[PDB]
């Protein structure tokens, strides 16, 4: 992967010991060495509420959102709850005759965990008036960190400086098992891997190392040593295949959970790294951290490769090696470039602009006027000339209409919306009752449900036809007569695609008649001209000719039932377009290096 980190919100503050994300509200909570607690809207960069709780460091703070509470533990032996809507001290008691290090909140049950230097862990029931239900003994030193198994909240790990982790079920005075860590300086932190495909855990030590454990088989999977000083935390991101550690060396290390190699190192500049949080449900992939000098909120995306070519020859992409995933760049193509075959074109990168989301993909309007970037549930539309904004919104799919001034979406509820003039047509409705896999552009809006393909008239929305083919892609000719229906071949039983001719007349007649069969459409509007052999990875029409890439990486052309190979490349090659000026077709590889191939009989 190529991770990308955006610095959402940073606050210089006293030593930040505890830190937690609210799950619905864009709020980070922080517990300080100063006995003060803070609530920040990291998204509008505003301090909501802040309480002077104690003179003593408060080390553990967590959200119980469901009861609209914050819960915090200090060095005065105490546990205190507050309502954050009101700032009103709900509860305040003595929970251990020693420091309180760590707190865990039960996902569902009114159950709250606290770990202590008193050697013990303890269970607390709030809707039975905070009575101490069970006291877990066994550890022979400071209990640094408690953690519920997200997959089985009846059980929980506890990381201890006595060099062990101890998993217990709610009820037994004894542990199910006890994990000697080998980490001769002790465990500061423990975290569960959230996904059901691995029973992994993780620890972090003063001994500079991080350790991944299998808790079924009870064995050390891997040692991950980076850090130059004591490792403070190590956690699994809820959503990206990463581990995140932090430490007194001042750094944050983002590790890869598969290769166990450090993907990314950050020196936030707040000195020593104390504590960690990840937005519960991956929102913006937020992770937040606490330091000697304060806290930061970081969003983590990916620099996925994007490129759209325009008809007149302009390339536009996001990201890159020397650059950021959400920076936009543009480059012009001219027959200029000496026709050397398999070397990437050299062009001059001009800065074009920026965008607020992590692209997964990017695409010009048909006429090359506008650019749409799609990502992270959001779509955005920019002017290609001075990178001016023209539209934003949420979408699971975006497809451009012929006009180059209208489009269609699958929205946050999975329902097709149609915009005309950047300003939605409310009345335009296509009632789709199955689930919508996808959306295609071209001269009829294409909609994939089941192993089917529906074709609707752009202006009204009436089903022009339904094709019973499990399409991968749908690629139209520019003059609107031809279409190629690429087939998700799925074990080469069927042909890889089908040419179809579209009679618009046959549609319009069945339109006047009111004889459009709302299940199928119009049998006469679509005729199957040919079937295709080899698999199709991408493809452009150039008149009656279909230029296409294969999974053998070969470049072919199809014209009137015949497949002629034209070149045989040796990478993953994708088609970008056909410039007539340079009589040239243009290709892109996995690294966005652009190639040019020349075409004549």
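Positions refer to the first chain, counted from 1.
- Per the PDB record, of the two stretches 309 to 317 and 520 to 528, 520 to 528 carries the greater mean B-factor over its C-alpha atoms.
- Comparing the deposited coordinates for 228 to 236 and 177 to 185, the stretch with the larger average C-alpha B-factor is 177 to 185.
- Out of 195, 288, 363, 144, the entry records its largest CA B-factor for 195.
- Between the residues 249, 292, 118, 450, the entry's highest C-alpha temperature factor is the one at 450.
- When the modelled residues of the chain are ordered by C-alpha B-factor, residue 322 sits in the highest third.
- When all modelled residues of the chain are sorted by CA temperature factor, residue 58 is found within the lowest third.
- The PDB entry assigns residue 201 a C-alpha temperature factor belonging to the middle third of its chain's modelled residues.
- Ranked against the other modelled residues of its chain, the C-alpha B-factor of residue 25 as given in the entry falls in the middle third.
- Among all modelled residues in its chain, residue 510 ranks in the highest third by Cα B-factor.
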